[PDB]
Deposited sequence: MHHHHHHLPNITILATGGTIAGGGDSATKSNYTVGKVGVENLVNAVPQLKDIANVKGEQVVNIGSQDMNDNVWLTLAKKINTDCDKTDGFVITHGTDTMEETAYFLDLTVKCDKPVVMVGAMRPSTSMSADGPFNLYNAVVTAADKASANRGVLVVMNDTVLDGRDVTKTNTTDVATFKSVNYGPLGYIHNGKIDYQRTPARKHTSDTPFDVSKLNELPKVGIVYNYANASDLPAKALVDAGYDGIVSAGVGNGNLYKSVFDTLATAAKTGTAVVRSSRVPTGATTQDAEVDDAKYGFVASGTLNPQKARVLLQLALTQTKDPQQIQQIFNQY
């Protein structure tokens, strides 16, 4: 028995997080002890410039290249890693671990976090126990589900947290103790199939706050947007002028999801917004940016609010 190591594929979307993509193994020599790593640059953007085209590219590349590898690590900027992770959570049909990883400090800074995050992302992708848990994010010693994971602090290396349901597992000395898995349907259990798409439905986000102008919302309407996500106040409430515009849009063919600017907690049914009455959809624990991801994919399949709510209740 040759003691052989998993084949792990690193897909890079941006700059390096340790220190080019072919060189990652010399940046972090301990990688060669836990996997056989192949690197490919897919794109080279800053994740604040993340977009629908890169999401389609990643989902098709992983889906196409699933047989060629034992698992995937995606290097991504931290700003939108929580959006890409959820998109891939819903669209990846490969049944091998996909793990996203980033760094909150530059690779050339004192105590750069990139290198060890990358080690732990590879450990996670290599661990047969990581399978069947959806698309993961690995940051600061912790394995996080792609649905709940979010950036909680602007600068902290410990910023990534599953703020509503907690992490799946912690990583110590290259081993994971998993104690949870996401109940919401992901990966091969969703009907979201993007293999044949080169665009996604147009979904935009508007913010609520005292004195909020109806103009951003009206611009998305006037633009024909397929859906709008409201970053509501409190339990997904809307400023009277925004509510008026969205209530009109919902009765004239625009899908409307009520989310919350509030960083934890569900936008529920049965609070101060009669959703049945307005044709609205409640986002549950999906924050605006995540709610947008699911609304875009819900729109690839249905324009019916009652069917979108069911999708927001299951994924």
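- Unmodelled regions (deposited sequence positions with no C-alpha coordinates, counted from 1) are 1-3, 23-37.
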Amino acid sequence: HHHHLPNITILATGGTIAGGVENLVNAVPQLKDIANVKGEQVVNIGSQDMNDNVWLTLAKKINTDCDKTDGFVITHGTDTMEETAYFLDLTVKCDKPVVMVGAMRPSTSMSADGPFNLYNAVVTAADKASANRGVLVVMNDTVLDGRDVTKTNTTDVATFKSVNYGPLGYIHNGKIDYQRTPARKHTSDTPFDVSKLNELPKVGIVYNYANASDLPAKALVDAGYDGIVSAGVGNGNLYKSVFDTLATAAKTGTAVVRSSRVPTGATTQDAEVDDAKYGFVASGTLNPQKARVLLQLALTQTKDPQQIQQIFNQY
From here on, numbers count along this sequence of modelled residues.
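- For the two regions 62-70 and 260-268, the entry's Cα B-factors average higher over 62-70.
- Annotation for 24-32 versus 282-290: the higher mean temperature factor (C-alpha) is found in 24-32.
- Per the PDB record, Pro216 has a higher Cα B-factor than any other of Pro182, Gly146, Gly232, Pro216.
- Among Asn198, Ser162, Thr152, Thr80, the highest C-alpha B-factor in the deposited entry belongs to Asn198.
- Sort the modelled residues of the chain by CA B factor and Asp226 lands in the highest third.
- Sort the chain's modelled residues by C-alpha temperature factor and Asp141 lands in the lowest third, per the entry.
- The deposited CA B-factor of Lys202 belongs to the highest third of values across its chain.
- Sorting the modelled residues of the chain by their CA temperature factor places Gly166 in the lowest third.
- Among all modelled residues in its chain, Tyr178 ranks in the lowest third by Cα B-factor.
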